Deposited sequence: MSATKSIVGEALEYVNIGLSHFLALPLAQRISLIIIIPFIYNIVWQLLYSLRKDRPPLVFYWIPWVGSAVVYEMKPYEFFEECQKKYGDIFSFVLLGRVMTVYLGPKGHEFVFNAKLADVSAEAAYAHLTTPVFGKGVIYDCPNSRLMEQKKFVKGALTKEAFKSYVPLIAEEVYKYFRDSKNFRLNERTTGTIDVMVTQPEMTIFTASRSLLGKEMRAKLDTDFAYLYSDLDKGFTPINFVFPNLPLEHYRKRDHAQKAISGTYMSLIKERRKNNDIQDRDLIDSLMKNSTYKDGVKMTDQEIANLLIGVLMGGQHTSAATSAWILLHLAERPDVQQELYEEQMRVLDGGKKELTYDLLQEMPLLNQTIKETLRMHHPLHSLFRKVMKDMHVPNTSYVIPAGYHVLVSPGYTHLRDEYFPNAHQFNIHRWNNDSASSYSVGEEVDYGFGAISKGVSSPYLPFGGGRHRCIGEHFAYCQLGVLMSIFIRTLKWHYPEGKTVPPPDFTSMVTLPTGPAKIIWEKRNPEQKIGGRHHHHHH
């Protein structure tokens, strides 16, 4: 009889529940631990699945090494399994496709196969607000990008340049980090100065003088609070009742309120011109089906756009300064180009003249190669995906991870990739077939090993603005200052744990005026 064995199942179950809590706790730990390992071993036998990186701790997965050294994690996995491999990350299964084909697979994936907003809405909506970016369908995002792009034109860039230039000079004059009229040399932390210079220049040009004026008050603290809401932690804990989350939520309310106040006052007073992105979105934010963006949505879009560009650009100008700090030869070469293009300084910097500064633009290009601010980009897989020329199938519910920044640092595609060399872009200082997803014709192929601004439908639309901003900034730094490292100091390693891969601080440089007696004018 085995009927008596079925009885012993029941008995065993009863003797189980009657175990001392010291043991049931252990079993509370050992059972999932064993099950996890047993499951992985079975998983490896499945051949329509990419290799899965082994991990001990359930749910957590490979999260620790990934969060700390993601490029080293990728290279190790790449050696062991090749370009396609999966790993577990704090509850989710991430499928990585390395290299140009990975760029194709993910950046050019069909709209039905993957979703960006499904991956990012929880990180971004709390910070930016509702209705925009990733808190809406893709077709809405496509048109939002179209709206923002319409203020990002050549003619706008020509008007932004003297404005950005003024902000940089005002910063050299008034900021405690410089004070070039009282000081001729000094030390700065680039992770202090660049975020401040970035917000000052982006606000003045994209938002206007009103909004820029507000950064000079206590209101600036709100930006700092909202800023801290942009954190990987939001992927796991997007809302938990602490004061981080309430300073953030308050900031979002307070800042979006401020923009609507300006918007509503501009429209009430017929003061809608072609100054900034606010004027632009006001006279141009009606979707194709006739629905107009609310003033709240418009303000939330401003926040997301300004916030994203803030972190990517500030990290980038910080890296530029850090690389140049140990390369006086490059500073020297850049300075000569400045003297040549601007007639020894007797020419005012214009957007057109920026375009005649290839080495300056190659310096940005090369920094973005070595320091892609977003080391990984994700999509959630919505429908089962077959990986071409493999037997692999990526199930829905998986996430795909693309990482052009990793390919940027491979010798195969960039000879001596870990060496900073702006001349590798000689005759190629620009930041076939095209396609238009709703915000303008962009490249159809996304197979370039160099993709600092991504590609496909989620491609960046701030690239020309970023080059404009960074260009003006670096042009003025180069003409005004020399700089170098404190003894023994060199380029810091990246901090991969933050929202962008900014330098590990404190990252300090020593500056000095090329012209100690040069005075910056204006009232202060």
Next on the checklist: Going by C-alpha coordinates, which parts of the deposited sequence are missing from this model?
Outcome noted: 1-6, 438-441, 535-539
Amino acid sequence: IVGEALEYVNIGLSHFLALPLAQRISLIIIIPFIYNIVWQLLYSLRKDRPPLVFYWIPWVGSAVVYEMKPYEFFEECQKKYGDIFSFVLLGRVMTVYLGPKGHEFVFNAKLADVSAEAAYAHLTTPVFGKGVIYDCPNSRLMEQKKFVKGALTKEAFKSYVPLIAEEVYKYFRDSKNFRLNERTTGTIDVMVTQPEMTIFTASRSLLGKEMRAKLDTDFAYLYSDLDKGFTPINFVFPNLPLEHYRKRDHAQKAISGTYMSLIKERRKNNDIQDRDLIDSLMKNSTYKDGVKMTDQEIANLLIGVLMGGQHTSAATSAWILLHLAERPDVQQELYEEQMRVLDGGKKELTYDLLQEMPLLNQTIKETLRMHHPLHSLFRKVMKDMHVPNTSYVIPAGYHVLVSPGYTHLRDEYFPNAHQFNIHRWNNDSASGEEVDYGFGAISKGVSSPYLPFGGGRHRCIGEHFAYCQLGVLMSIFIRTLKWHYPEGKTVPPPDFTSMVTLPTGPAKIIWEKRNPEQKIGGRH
From here on, numbers count along this sequence of modelled residues.
Item to check | Mean Cα B-factor comparison, 182-190 or 327-335, giving the higher one as deposited | outcome: 182-190
Item to check | Between the two ranges 131-139 and 357-365, the one averaging a larger CA B factor in the entry | outcome: 131-139
Item to check | Residue with highest C-alpha B-factor in the PDB entry, from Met197, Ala165, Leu89, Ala254 | outcome: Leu89
Item to check | Peak C-alpha temperature factor (PDB record), options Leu206, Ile298, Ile422, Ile272 | outcome: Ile272
Checklist outcome for this item: Of the three thirds of the chain ranked by Cα temperature factor, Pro449 occupies the lowest
Checklist outcome for this item: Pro241: CA B-factor among chain residues, third -> highest
Next on the checklist: Using only modelled residues of the chain, where does the Cα B factor of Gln40 rank: lowest third, middle third or highest third?
Outcome noted: highest
Checklist entry - C-alpha B factor of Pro32, ranked within the chain: lowest, middle or highest third? => result highest
Checklist entry - What third of the chain, by the recorded C-alpha B-factor, contains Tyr221? => result highest
